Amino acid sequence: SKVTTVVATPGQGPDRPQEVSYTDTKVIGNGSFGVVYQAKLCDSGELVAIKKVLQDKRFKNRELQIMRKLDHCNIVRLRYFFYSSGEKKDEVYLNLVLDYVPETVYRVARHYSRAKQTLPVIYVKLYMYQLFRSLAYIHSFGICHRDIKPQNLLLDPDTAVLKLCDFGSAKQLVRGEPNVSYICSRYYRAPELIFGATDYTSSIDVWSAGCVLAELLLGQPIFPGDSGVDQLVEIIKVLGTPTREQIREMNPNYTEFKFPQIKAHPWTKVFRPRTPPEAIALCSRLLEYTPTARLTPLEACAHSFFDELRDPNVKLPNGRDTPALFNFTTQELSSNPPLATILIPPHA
């Protein structure tokens, strides 16, 4: 029954503060700078998630400035933001008020993995297609997420709508300006990140997305390990030993190191026999040593693996309509505009 009011600025629209009221506050998760709360907006009854972020008094918050300019059906929407105190004494925190999505792709993946069952391929196509759309959108701004993983893929299981979240590591990459290499989470780090490269591109998101696809097909992470050595061995066991030309494309400081000598394992034996060959073909074009050889997010959306989604008769397993898949904007298509031939089917 307790109603809380704060003055807050809308995530989008005019920079005009307004009174926002919320109730039914409850802890739902953990964050690096405080717990994450769920709340219910009084004006609309909509559920929101509130997370704390350390406000740097020197620079503008990178996560905030990125989220205020993003508007895409497969990206979590910033509703409001305001400042308050919190966990540490004498500290001012930035509060990000986000549309609440109850589940993640990881929860669905572990649900089938625990039951020793395969996630139905139609859900694999839907989740990965929506993920690549969100990547193509942010990459068109030059923004790299730098922390793609199943736990950061919000999911409404009823409508199968996916939304990318957690832009705390996101950065607009500028060629020629170095970046920290310690971003991205274990299992999902591109090999150039394992090699500590400071000169990398948005293609690290595509490698991480390839790791998500392989995990959804395998029922477990494809490149597990608690250290970079253990992760690299699992990568080499699949892709083979990287050639010196490939190491120079990742981090030329590592060209002369001693790596385990293993020939590549055939892609058709990495996954179970019944895995659809289009899914395997797509993974081989995402998990590539050479970053420029990986598909772009927009190229991945047009891959034959997602042809079933462009069927005019595609239906969800429960029977609902598939979510919005073809409402591409000029910004979203800017990396390859004439790709809308495949991406937008005739019935759209």
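Whichever C-alpha set is largest while still superposing within 1.5 Å between the two forms counts as the rigid core. Just count from 1 along the sequence shown to find any residue number.
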* Asked: in 9 other deposited structures of this protein, superposed on the rigid core, which stretch sits farther off in Cα RMS terms, 34-42 or 64-72?
  -> 34-42
* Structure fact -> In terms of RMS C-alpha distance in 9 other deposited structures of this protein following rigid core superposition, 159-167 and 226-234 differ, and the farther one is 226-234
* Is it true that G142 has no coordinates in a third or more of the other entries in the comparison? -> no
* To do: Please establish whether a third or more of the other compared PDB entries omit coordinates for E215.
  => no
* **Mean temperature factor over C-alpha atoms, higher-scoring stretch between 281-289 and 57-65** => 57-65
* Would you tell me which stretch averages the higher CA B-factor in the PDB entry, 158-166 or 246-254? => 158-166
* To do: Among the candidates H145, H111, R133, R189, give the one with the maximum CA B-factor reported in the record.
  => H111
* To do: Using the temperature factors in the entry, find which of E177, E215, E234, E87 has the highest value at its Cα atom.
  => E87
* Where the record places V105 (Cα B-factor, split into thirds across the chain) -> middle
* Cα B factor band for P266 (lowest, middle or highest third within the chain) -> middle
* Structure fact -> Split the chain's modelled residues into thirds by Cα B-factor; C301 lands in the lowest
* Lowest, middle or highest third - CA B-factor, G225 -> lowest
* C-alpha B factor of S335, ranked within the chain: lowest, middle or highest third? -> middle
